[PDB]
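The chain below stands alone and is given in structure tokens; this is the form deposited in one PDB entry.
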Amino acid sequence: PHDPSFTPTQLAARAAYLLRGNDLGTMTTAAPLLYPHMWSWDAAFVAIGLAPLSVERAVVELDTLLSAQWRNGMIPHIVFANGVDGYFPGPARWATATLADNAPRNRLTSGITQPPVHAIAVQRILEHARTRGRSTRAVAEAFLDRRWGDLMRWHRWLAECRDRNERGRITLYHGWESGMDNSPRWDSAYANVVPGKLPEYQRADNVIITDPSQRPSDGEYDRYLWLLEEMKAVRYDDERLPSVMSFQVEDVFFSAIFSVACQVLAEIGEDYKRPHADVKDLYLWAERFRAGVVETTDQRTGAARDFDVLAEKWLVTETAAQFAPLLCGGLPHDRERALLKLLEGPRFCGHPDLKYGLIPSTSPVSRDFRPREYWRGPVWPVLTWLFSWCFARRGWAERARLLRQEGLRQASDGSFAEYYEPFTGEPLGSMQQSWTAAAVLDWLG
């Protein structure tokens, strides 16, 4: 009636209820119907949301993801649930099971990767487990014994195979690998993608989300799906992608995440007496990718740019990815103040028409802005959580607190929406999105 919002305990309960309801047994779908499988960075956030509920189950979630890790160390961005249809492109379209020599034998996966937030989830599990007593600590420590080597191979694959020239930035061969499918970041790179004979297909996502304004266009999907054909043609061989892919970009937000994840994992390695050589490698990558992020930055505002490897051009756009350097640190004092000022001012969090004091995925004042259209504008709870947690790690306690507070206010409708209209607060995308519930559980758990 007069106020449709939930109290903190009611909201925490519905968040946990949601998360258990998306559990298939050993994996959690990223949403009920739109994403009926395990997505890689979603699964790290699900593990974070599970840690206040069951350390054992949170560990299971990462165990399931890491059991799908490729032989060369890549964590694919989708681990498909057996027998489940309703997401396209599904296992048959990817054909990694028949074409990818490195794909796991016991799991169906996609053929591309996604950002390495996984060490952050590991840290949250360890922190929860240390508050829960000896037996729970044992569970978390046993997971480190089992999986430390796999997490290293994951970070090592990114540093060695997606940063071949040691530039300190991660090359993507698909926009899906950024986690921001249709970001304006990738428009000029996608304009150079020219599909050949693209095998017929039928989208599934817009059968579930029928409002065309909330999802990418058919033309975008044509390009998404053609890049799959380019990878398939070389059997997903790492060595051949630089020669054949029509899409090759350095992703500065992915890179900043990687810098933070390496430092987090390095600290975990020290605390739990992992091999010194590993910790040394992790610190080395943390510093290399921090520097690689800073090298992209605008000299006036500190804003980070992506880089189009094929066009050899800095990609200048007005999305939340510009704030990559706030995540990993490294800007000189004066430029970081400039970047925080851009973040808080009227092009982003301080825009006068915003319902909440939150970061829109694209600036409302950019010509690229579309208030409903996926990564072209809407406010994403997963980004609110990531910025808030990284800001607290920088020591910006009040800044982190304000993002968390506004994020809880936006989530208090209980829709657990994928993303929200920046001006009206209308829930968009899939309802009951697992990583939105997990953001809420962490903020309250």
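Note that residue numbering follows the sequence shown and begins at 1. Between two forms, the rigid core is defined as the largest C-alpha subset superposing within 1.5 Å.
Below, we turn to the form deposited in another entry, even though it does not appear here.
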Of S243, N82, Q299, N192, the one whose Cα moves 2 Å or more between the shown form and the other one after core superposition: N82
Core fit, then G219 C-alpha moves 2 Å or more between the shown form and the other one: yes
Exceeds or equals 2 Å, Cα of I268 between the shown form and the other one, core fit: no
C-alpha of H351 moved at least 2 Å between the shown form and the other one on rigid core: no
Shift in CA distance, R376 and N206, in that other deposited form relative to the form shown here, given it is 3 Å or more: farther
In that other deposited form, shift in Cα separation for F247 relative to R215, 3 Å or more: closer
